[PDB]
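Trainee: One file: structure_4.cif (mmCIF, C-alpha atoms (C1' of nucleotides); chains and numbers go by the auth columns).
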data_final
#
loop_
_atom_site.group_PDB
_atom_site.id
_atom_site.type_symbol
_atom_site.label_atom_id
_atom_site.label_comp_id
_atom_site.label_asym_id
_atom_site.label_seq_id
_atom_site.Cartn_x
_atom_site.Cartn_y
_atom_site.Cartn_z
_atom_site.B_iso_or_equiv
_atom_site.auth_seq_id
_atom_site.auth_asym_id
ATOM 1 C CA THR A 1 14.456 37.006 54.128 0.00 165 A
ATOM 2 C CA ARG A 2 13.066 33.482 54.345 0.00 166 A
ATOM 3 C CA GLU A 3 12.271 33.893 58.033 0.00 167 A
ATOM 4 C CA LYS A 4 10.577 37.224 57.338 0.00 168 A
ATOM 5 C CA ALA A 5 8.499 35.701 54.546 0.00 169 A
ATOM 6 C CA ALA A 6 7.540 32.820 56.832 0.00 170 A
ATOM 7 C CA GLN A 7 6.054 35.327 59.282 0.00 171 A
ATOM 8 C CA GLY A 8 3.807 36.626 56.513 0.00 172 A
ATOM 9 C CA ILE A 9 5.428 40.063 56.333 0.00 173 A
ATOM 10 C CA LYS A 10 4.177 41.394 53.009 0.00 174 A
ATOM 11 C CA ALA A 11 6.924 42.707 50.786 0.00 175 A
ATOM 12 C CA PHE A 12 6.415 46.082 49.152 0.00 176 A
ATOM 13 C CA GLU A 13 5.444 44.566 45.811 0.00 177 A
ATOM 14 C CA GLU A 14 2.760 42.460 47.490 0.00 178 A
ATOM 15 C CA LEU A 15 0.989 45.429 49.097 0.00 179 A
ATOM 16 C CA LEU A 16 1.185 47.178 45.743 0.00 180 A
ATOM 17 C CA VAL A 17 -2.310 48.120 44.589 0.00 181 A
ATOM 18 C CA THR A 18 -3.377 49.359 41.158 0.00 182 A
ATOM 19 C CA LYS A 19 -6.803 50.542 40.066 0.00 183 A
ATOM 20 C CA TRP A 20 -8.965 48.417 37.791 0.00 184 A
ATOM 21 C CA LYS A 21 -9.026 50.245 34.473 0.00 185 A
ATOM 22 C CA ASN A 22 -12.132 50.140 32.315 0.00 186 A
ATOM 23 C CA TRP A 23 -10.598 48.150 29.477 0.00 187 A
ATOM 24 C CA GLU A 24 -9.588 45.638 32.141 0.00 188 A
ATOM 25 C CA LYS A 25 -13.182 45.492 33.368 0.00 189 A
ATOM 26 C CA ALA A 26 -14.032 44.605 29.773 0.00 190 A
ATOM 27 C CA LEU A 27 -11.193 42.116 29.155 0.00 191 A
ATOM 28 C CA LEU A 28 -12.208 40.254 32.366 0.00 192 A
ATOM 29 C CA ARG A 29 -15.832 39.827 31.150 0.00 193 A
ATOM 30 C CA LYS A 30 -14.764 38.727 27.617 0.00 194 A
ATOM 31 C CA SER A 31 -12.187 36.326 29.097 0.00 195 A
ATOM 32 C CA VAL A 32 -14.519 34.727 31.626 0.00 196 A
ATOM 33 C CA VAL A 33 -17.038 34.237 28.820 0.00 197 A
ATOM 34 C CA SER A 34 -14.425 32.653 26.558 0.00 198 A
ATOM 35 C CA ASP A 35 -13.104 30.411 29.324 0.00 199 A
ATOM 36 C CA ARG A 36 -16.584 29.205 30.221 0.00 200 A
ATOM 37 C CA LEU A 37 -17.233 28.393 26.568 0.00 201 A
ATOM 38 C CA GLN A 38 -14.027 26.381 26.353 0.00 202 A
ATOM 39 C CA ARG A 39 -14.743 24.569 29.614 0.00 203 A
ATOM 40 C CA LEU A 40 -18.236 23.651 28.463 0.00 204 A
ATOM 41 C CA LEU A 41 -17.105 22.644 24.974 0.00 205 A
ATOM 42 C CA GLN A 42 -14.147 20.440 25.923 0.00 206 A
ATOM 43 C CA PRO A 43 -16.286 17.544 27.253 0.00 207 A
ATOM 44 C CA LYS A 44 -18.628 17.478 24.272 0.00 208 A
ATOM 45 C CA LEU A 45 -15.764 17.990 21.823 0.00 209 A
ATOM 46 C CA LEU A 46 -13.976 15.005 23.331 0.00 210 A
ATOM 47 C CA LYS A 47 -17.175 12.949 23.193 0.00 211 A
ATOM 48 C CA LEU A 48 -17.620 13.813 19.518 0.00 212 A
ATOM 49 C CA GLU A 49 -14.021 12.885 18.738 0.00 213 A
ATOM 50 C CA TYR A 50 -14.436 9.600 20.617 0.00 214 A
ATOM 51 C CA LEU A 51 -17.574 8.784 18.644 0.00 215 A
ATOM 52 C CA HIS A 52 -15.654 9.494 15.443 0.00 216 A
ATOM 53 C CA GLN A 53 -12.834 7.210 16.581 0.00 217 A
ATOM 54 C CA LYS A 54 -15.296 4.417 17.316 0.00 218 A
ATOM 55 C "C1'" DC B 1 -17.641 81.296 65.726 0.00 1 B
ATOM 56 C "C1'" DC B 2 -16.949 76.949 64.963 0.00 2 B
ATOM 57 C "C1'" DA B 3 -18.498 73.958 62.802 0.00 3 B
ATOM 58 C "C1'" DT B 4 -18.424 72.374 56.813 0.00 4 B
ATOM 59 C "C1'" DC B 5 -17.360 72.153 52.470 0.00 5 B
ATOM 60 C "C1'" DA B 6 -15.366 73.328 46.527 0.00 6 B
ATOM 61 C "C1'" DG B 7 -11.475 75.071 44.893 0.00 7 B
ATOM 62 C "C1'" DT B 8 -6.618 75.476 44.283 0.00 8 B
ATOM 63 C "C1'" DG B 9 -1.848 75.102 43.419 0.00 9 B
ATOM 64 C "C1'" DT B 10 1.236 72.123 43.117 0.00 10 B
ATOM 65 C "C1'" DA B 11 4.917 67.785 43.145 0.00 11 B
ATOM 66 C "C1'" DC B 12 3.790 63.034 42.759 0.00 12 B
ATOM 67 C "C1'" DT B 13 2.190 59.305 40.889 0.00 13 B
ATOM 68 C "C1'" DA B 14 -0.586 56.272 37.099 0.00 14 B
ATOM 69 C "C1'" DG B 15 -0.950 54.322 32.548 0.00 15 B
ATOM 70 C "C1'" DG B 16 0.959 54.296 28.046 0.00 16 B
ATOM 71 C "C1'" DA B 17 3.326 54.109 24.273 0.00 17 B
ATOM 72 C "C1'" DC B 18 7.958 54.761 22.608 0.00 18 B
ATOM 73 C "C1'" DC B 19 12.820 55.451 21.912 0.00 19 B
ATOM 74 C "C1'" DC B 20 18.051 55.062 22.388 0.00 20 B
ATOM 75 C "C1'" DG B 21 21.927 52.571 22.764 0.00 21 B
ATOM 76 C "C1'" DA B 22 24.562 48.592 23.919 0.00 22 B
ATOM 77 C "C1'" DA B 23 25.759 44.024 23.786 0.00 23 B
ATOM 78 C "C1'" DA B 24 25.194 39.672 22.116 0.00 24 B
ATOM 79 C "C1'" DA B 25 24.298 36.964 18.198 0.00 25 B
ATOM 80 C "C1'" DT B 26 24.281 36.088 13.384 0.00 26 B
ATOM 81 C "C1'" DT B 27 25.619 36.453 8.626 0.00 27 B
ATOM 82 C "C1'" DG B 28 28.967 36.134 5.281 0.00 28 B
ATOM 83 C "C1'" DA B 29 33.482 34.081 2.595 0.00 29 B
ATOM 84 C "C1'" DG B 30 37.284 30.582 2.350 0.00 30 B
ATOM 85 C "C1'" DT B 31 38.617 25.823 2.130 0.00 31 B
ATOM 86 C "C1'" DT B 32 37.479 20.371 2.030 0.00 32 B
ATOM 87 C "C1'" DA B 33 35.221 16.376 2.846 0.00 33 B
ATOM 88 C "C1'" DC B 34 30.377 13.727 3.204 0.00 34 B
ATOM 89 C "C1'" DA B 35 25.111 11.849 1.568 0.00 35 B
ATOM 90 C "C1'" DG B 36 20.938 13.135 0.132 0.00 36 B
ATOM 91 C "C1'" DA B 37 17.255 16.377 -0.754 0.00 37 B
ATOM 92 C "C1'" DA B 38 15.498 20.486 -3.050 0.00 38 B
ATOM 93 C "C1'" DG B 39 15.084 23.161 -7.291 0.00 39 B
ATOM 94 C "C1'" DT B 40 14.962 24.485 -11.544 0.00 40 B
ATOM 95 C "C1'" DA B 41 16.232 23.432 -16.404 0.00 41 B
ATOM 96 C "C1'" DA B 42 15.581 21.194 -20.023 0.00 42 B
ATOM 97 C "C1'" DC B 43 12.406 17.837 -24.782 0.00 43 B
ATOM 98 C "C1'" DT B 44 8.118 15.408 -25.991 0.00 44 B
ATOM 99 C "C1'" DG B 45 3.247 13.456 -26.132 0.00 45 B
ATOM 100 C "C1'" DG B 46 -1.940 14.074 -26.327 0.00 46 B
ATOM 101 C "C1'" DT B 47 -6.360 15.546 -26.945 0.00 47 B
ATOM 102 C "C1'" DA B 48 -9.673 19.006 -28.135 0.00 48 B
ATOM 103 C "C1'" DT B 49 -11.932 23.846 -31.055 0.00 49 B
ATOM 104 C "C1'" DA B 50 -12.239 25.280 -35.384 0.00 50 B
ATOM 105 C "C1'" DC B 51 -12.327 23.896 -40.282 0.00 51 B
ATOM 106 C "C1'" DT B 52 -12.759 22.314 -45.188 0.00 52 B
ATOM 107 C "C1'" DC B 53 -14.300 19.924 -48.571 0.00 53 B
ATOM 108 C "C1'" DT B 54 -18.072 16.610 -49.093 0.00 54 B
ATOM 109 C "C1'" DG B 55 -21.896 13.444 -48.983 0.00 55 B
ATOM 110 C "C1'" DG B 56 -26.421 13.822 -49.008 0.00 56 B
ATOM 111 C "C1'" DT B 57 -30.675 16.357 -49.989 0.00 57 B
ATOM 112 C "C1'" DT B 58 -34.289 18.760 -52.453 0.00 58 B
ATOM 113 C "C1'" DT B 59 -37.179 20.515 -55.419 0.00 59 B
ATOM 114 C "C1'" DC B 60 -37.638 21.125 -60.244 0.00 60 B
ATOM 115 C "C1'" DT B 61 -38.021 20.413 -64.298 0.00 61 B
ATOM 116 C "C1'" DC B 62 -37.605 16.347 -67.455 0.00 62 B
ATOM 117 C "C1'" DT B 63 -36.180 10.820 -68.540 0.00 63 B
ATOM 118 C "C1'" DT B 64 -37.553 6.651 -69.591 0.00 64 B
ATOM 119 C "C1'" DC B 65 -40.465 3.533 -70.122 0.00 65 B
ATOM 120 C "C1'" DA B 66 -45.232 1.749 -70.140 0.00 66 B
#
Just give me the structure as structure tokens.

Mentor:
Amino acid sequence: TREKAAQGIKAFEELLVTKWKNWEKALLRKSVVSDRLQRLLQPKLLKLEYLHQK
DNA sequence: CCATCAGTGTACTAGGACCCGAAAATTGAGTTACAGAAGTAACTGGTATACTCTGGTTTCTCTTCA
């Protein structure tokens, strides 16, 4: 099994494809938006907390 | 006439909740220790909203000088 995996022989569950449902196409958008908000907020939130600590 | 091009008649998926039972885990009582923390169960002040005469007031005729 390890030697087979080393040769890059895809197991059955790796070649297993499933269609992108519509609610997933919505969750993705909402989640990317939320993650970008968090990533942009974290620096400024930390700066604000540091100013408060000083 | 051999190209092309919807429909069709199905088992075979794809999500999509949902259920059925089993097995493991817990709860619960019983004891007896142990220390300390919750968790009510109790008496005992403390200060305000009505409250009840009361002290003053107010004309209104009169009192007392003047």

Trainee: Distance CA of residue 178 in chain A-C1' of residue 15 in chain B, one decimal place?

Mentor: 19.4 Å

Trainee: One decimal, in Å: what's the spacing between CA of residue 182 in chain A and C1' of residue 14 in chain B?

Mentor: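 Going from CA of residue 182 in chain A over to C1' of residue 14 in chain B, I get 8.5 Å.
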
Trainee: Using all atoms listed in the file, can you tell me which of A:181, A:173, A:210, A:190 comes closest to chain B?

Mentor: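 With all atoms listed in the file as the atom set, the closest residue is A:181.
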
Trainee: Residues of chain A were defined as contacting chain B if any atom lay at most 12 Å from it, counting only C-alpha atoms (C1' of nucleotides); please report them as a list in words.

Mentor: residues 181, 182, 183, 184, 185, 186 and 187 of chain A

Trainee: Using Å and a single decimal, report how far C1' of residue 25 in chain B sits from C1' of residue 38 in chain B.

Mentor: 28.3 Å

Trainee: Build an axis-aligned box that encloses every atom of range 191-210 of chain A listed in the file, pad it by 4 Å on each side, and report its centre and edge lengths in Å to one decimal, as AutoDock Vina command-line options.

Mentor:
--center_x -14.9 --center_y 28.6 --center_z 27.1 --size_x 15.4 --size_y 35.1 --size_z 18.5
